[PDB]
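These are the residues of each chain, in order.
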Amino acid sequence: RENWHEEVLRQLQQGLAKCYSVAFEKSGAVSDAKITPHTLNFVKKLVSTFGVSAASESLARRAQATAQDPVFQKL
Amino acid sequence: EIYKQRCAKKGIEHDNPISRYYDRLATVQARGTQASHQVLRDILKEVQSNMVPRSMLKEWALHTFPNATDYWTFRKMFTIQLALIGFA
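Residues numbered from 1 in each chain as written, not as in the entry; some residues may be left out. Chains lettered and ligands numbered in written order. Part of a larger assembly, values for the part shown. Heavy atoms only, no water.

Going by the header, the method for this PDB entry is cryo-EM, and the resolution given is 2.35 Å.

And the structure:
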């Protein structure tokens, strides 16, 4: 599984693709088009979760320890 | 990825044509009118003339396959595979 940088990058790209689809749907009304509730919820999920069976438990423990990174916190 | 490599070598951003398309639509719509088919044609012609020339993929293939046999085989395979993909 990918590290948090790559996860946030992937989610940003997916949200941008969805935004482009909405933009072409609202092509009639550029400069007036607003974001759909779907994109709003997507970005809310991204900001709430900013990227971050013994193997899965150890991976979860590592991810919990990963949040201590000050650079990740500032970003 | 081919298109992005061509843009990086040229130094331009790959999402520029989309931005140009929406900027032109906003400019026309700001004049209180909807874009006609001719406006879309003019936008595509502008993108082709300025940002994305017709020959990007060809120039990439010419660089990538300098051997004539390799170029021919690649192009023929590409043609038939695209025929099947478009059919599907």
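Colleague: Looking at this structure, I do not really get the overall build of chain B. What am I missing?
Modeller: When you go through chain B residue by residue, the secondary structure sums to 5 helices and 0 strands. Along chain B, helices (α) and strands (β) appear in the sequence α-α-α-α-α when read from the amino end. Compactness check: chain B gives a C-alpha radius of gyration of 17 Å against a globular reference of 12 Å for 88 residues, more than 25% above the reference. By principal-axis analysis of the C-alpha atoms, chain B measures approximately 55 × 35 × 15 Å. For chain B, the proportion of contacts with a sequence separation of at least 24, taken over those separated by at least 6, is 42%. Summed over its atoms, the accessible surface of chain B is roughly 7,000 Å², and 57% of this surface lies on carbon and sulfur atoms. (Helix = DSSP H or I, 4+ residues; strand = E, 2+ residues; numbered from the N terminus. Rg over C-alpha atoms; globule rule 2.2 N^0.38 Å. Contact = heavy atoms within 4.5 Å. Areas by Shrake-Rupley, 256 points an atom, 1.4 Å probe, with all protein chains shown as cover.)

Colleague: Any chance you could explain the environment of B:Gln81 here in plain terms?
Modeller: On the secondary structure map, B:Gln81 appears in helix 5 (residues 68-87). Remark: the alpha-carbon pair of B:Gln81 and B:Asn67, spanning 14 residues in sequence, is separated by 21 Å.

Colleague: Mind showing me how you'd approach the packing of helix 1 (residues 4-25) of chain A against helix 2 (residues 37-48) of chain A here?
Modeller: Pairs of packed helices are described in terms of their axes, by the angle between the two and the distance that separates them. Residues and elements named next belong to chain A. Put simply, helix 1 and helix 2 touch, their axes get as near as 11 Å, and they point 170° apart. Here helix 1 lies roughly antiparallel to helix 2, going by the angle between them. Side by side, helix 1 and helix 2 meet where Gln 11, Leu 12, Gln 14, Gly 15, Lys 18 and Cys 19 of the first sit next to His 38, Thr 39, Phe 42, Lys 45 and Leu 46 of the second. Within the contact of helix 1 with helix 2, the residues separate by chemical class into 4 nonpolar, 5 polar and 2 charged. (Axes fitted to C-alpha atoms, helices over the stretch in contact; angles between N-to-C directions. Parallel < 35°, antiparallel > 145°, perpendicular 65-115°, else oblique. Nonpolar A, V, L, I, M, F, W, Y, C, P; charged D, E, K, R; others polar.)

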